[PDB]
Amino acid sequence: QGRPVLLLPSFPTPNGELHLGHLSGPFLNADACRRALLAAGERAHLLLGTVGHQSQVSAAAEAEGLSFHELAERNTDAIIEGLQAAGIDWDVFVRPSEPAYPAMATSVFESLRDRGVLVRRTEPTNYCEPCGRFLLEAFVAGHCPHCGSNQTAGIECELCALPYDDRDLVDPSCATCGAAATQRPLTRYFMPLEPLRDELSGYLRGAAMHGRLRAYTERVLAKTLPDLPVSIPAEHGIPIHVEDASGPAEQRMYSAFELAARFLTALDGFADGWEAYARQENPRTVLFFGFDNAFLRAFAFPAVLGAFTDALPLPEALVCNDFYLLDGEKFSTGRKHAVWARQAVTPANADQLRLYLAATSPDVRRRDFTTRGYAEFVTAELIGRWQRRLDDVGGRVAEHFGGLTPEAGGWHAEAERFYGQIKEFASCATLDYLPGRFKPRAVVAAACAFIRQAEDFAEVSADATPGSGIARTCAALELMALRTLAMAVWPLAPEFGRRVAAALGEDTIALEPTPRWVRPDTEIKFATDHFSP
């Protein structure tokens, strides 16, 4: 397949900086996926941005005193710096004020309205008379009807992500003044999703996702599908005129409806013409997101995108994660419970921190970050054992082979077994970086177990008869194993992988199931200080 791969992590909301939970979720997942795809010889492009309108930015802008626009651009700068600190690369980044964006968003609404996909509905909607505003998205507080959580923003429940109508939010209240909501009639544009039930079912049946997300899609599809809000009264946003409206006629595009337009604006800038590129290159698209975005990315995004265009296939894989915890409580921008990326990530610890977030990847469970757990990983595992193998193999190559990589001679049983272990590690790495079954956590665990297998084999190498062919084989295998480690961890620790690679005399290592020998006579000198405690 010569198809290019589009990696589309969630566009972070520019109401703050990124914390380590963000990194541990869609951003490290998408960057490591991209890197493994490049290492396997594919074309891979990560599309990013903070473009769009989220009501959280408007609300944060009120409190902070700034305008929506100032606050989004300021936080976009900070988000960009944290991503670069963590080694997250991108092929395009769409800022909140991208001039070509509103045309794109408007094109999607008008094209859906004109083709009959949308409706205008009038219903009683929560309103705050003292504040003088309708109570929706981030401006309403209340409880999810499915799970009872109060971690909501109108139709979005952070805990279960199960959809529901605005009028179903339990115990609504003004999120600004606390007053219990009353009501007012309002007329808004909606996109019904229940007509699309068969298309969405079929689309998701053929998409790749893990079982936790699959079972979520089944719970969603076990009830009727709410209408997706399209328009909304708000101070900021892409304008939408609502005809024959009870309530304000001049409204805005609801953020959830913007998802398709955010994607295509990014692709348009990356390709200089998104629609020609889509039809001529037939890209594969891979989504990365946290579980609070599960409805938005498994349902609302394909629904809107697929009704707008067929120039590109809908995303073939959905790489969903749960929330990273900090000392047992979720990383939270709002609640200011966080370790911030700009403050904590340095060139010296980027590789080891990415390795640790992957070793603890909150893939199907919320998992915990503590500074203790992280520090012990660095010193005991990465230094105490990964660094140790490099040194042990390196110094014994110096001691017994004049620092040159020997050429494998004959074999015996212990070499068979170790080579077979090298094959199982290499195989885990090629498979578990795949978009279709992305599990970096298993690659790190396979690395740790492999280091221990290599520690056993060092005993075998130490006891081979000096000067013999089997002694050469053992050393060639020990080098082959370190070459395979650098191959296997490169997507997560690219600087560490590149440095071990160059000590083995290679500028790049293909990501592949077949282990390779180190070139005989290659001078072997490893650095002693890859990681920093």
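One-based numbering along the sequence shown.
Student: Do the CA atoms of 160-168 or those of 290-298 have the higher mean B-factor in the entry?
Tutor: Stretch with the higher mean C-alpha B-factor: 160-168.
Student: So 107-115 or 428-436, which one's hotter by mean CA B-factor in the entry?
Tutor: Per the PDB record, 107-115.
Student: Could you check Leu485, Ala36, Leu66, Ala493 and tell me which one carries the biggest Cα B-factor in the deposited entry?
Tutor: Answer, based on the entry's C-alpha B-factors: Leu66.
Student: Which of these has the highest Cα B-factor in the record: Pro130, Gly87, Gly420, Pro362?
Tutor: Going by the entry's C-alpha B-factors, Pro130 comes out highest.
Student: Can you work out whether the C-alpha temperature factor of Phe450 puts it in the lowest, middle or highest third of the chain?
Tutor: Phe450: CA B-factor falls in the lowest third of its chain.
Student: If you rank the chain by CA B-factor, which third does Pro26 end up in: lowest, middle or highest?
Tutor: For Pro26, the deposited C-alpha B-factor lands in the lowest third.
Student: Which third, lowest, middle or highest, does the C-alpha temperature factor of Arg284 belong to within its own chain?
Tutor: For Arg284, the deposited C-alpha B-factor lands in the middle third.
Student: How does the C-alpha B factor of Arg212 compare with the rest of the chain: lowest, middle or highest third?
Tutor: Tercile = lowest for this residue's CA B-factor.
Student: Can you work out whether the C-alpha temperature factor of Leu18 puts it in the lowest, middle or highest third of the chain?
Tutor: As the PDB entry reports it, the C-alpha B-factor of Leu18 lands in the lowest third of its chain.
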